[PDB]
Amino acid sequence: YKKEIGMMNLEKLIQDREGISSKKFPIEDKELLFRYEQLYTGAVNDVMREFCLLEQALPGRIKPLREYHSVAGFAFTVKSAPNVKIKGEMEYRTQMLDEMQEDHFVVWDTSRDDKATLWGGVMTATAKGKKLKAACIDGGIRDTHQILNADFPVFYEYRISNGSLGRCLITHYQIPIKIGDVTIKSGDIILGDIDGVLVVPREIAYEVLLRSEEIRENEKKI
């Protein structure tokens, strides 16, 4: 069964699922992020309803470590799963850390891991030093005293003392991932605040920003 794939017509599907938008914005990247941070997630969420997008929020199990005001960044996706295997990983993890840059917003698909943590004090200190914006973990975190002391926004599901080593393995990073109902791609605009994490597709990020600001200004006057 290698002729079965050739019997299929998957070119349109591969482009739809694995295609990444290299679209440039009419404004600077930091200006785009700063202007998004002047909006609530609910307001941006309602705007994307007008674009017929109803499943852009991370699931309700995701909660912020503090009652944050809006923080915006560009998606850096990570994919892991519970795994008994221990060896390896350094090749994936060390290469992954080198690709994390300033203004990245980590979005981590843990394959619904409920036993271990994927983000702790070392990851937080590394992300702070690289000037990342925040991290959204669909799973466990630990070393929360160190995380709080670092003043680094973190969105998570639960907290436990079990480490990742010997319990999970990273399999991919900077690929499209799916958490809850929303698909996240590298470079998407990620917005998080007191009411969770929101995903804005990069192709409409500038248009969604202008529409959200336009709604915000009309509400004050009306």
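Residue numbers run from 1 along the displayed sequence.
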| query | Taking the recorded C-alpha temperature factors, which stretch has the higher mean, 68 to 76 or 82 to 90? | reply | 82 to 90
| 130 to 138 versus 94 to 102 - which carries the larger mean C-alpha B factor in the record | 94 to 102
| remark: Reading the B-factor column for Cα atoms of 196, 26, 163, 153, the highest value belongs to 26
| request: Name the third of the chain's ranked CA B-factors that contains residue 157, choosing lowest, middle or highest. | output: lowest
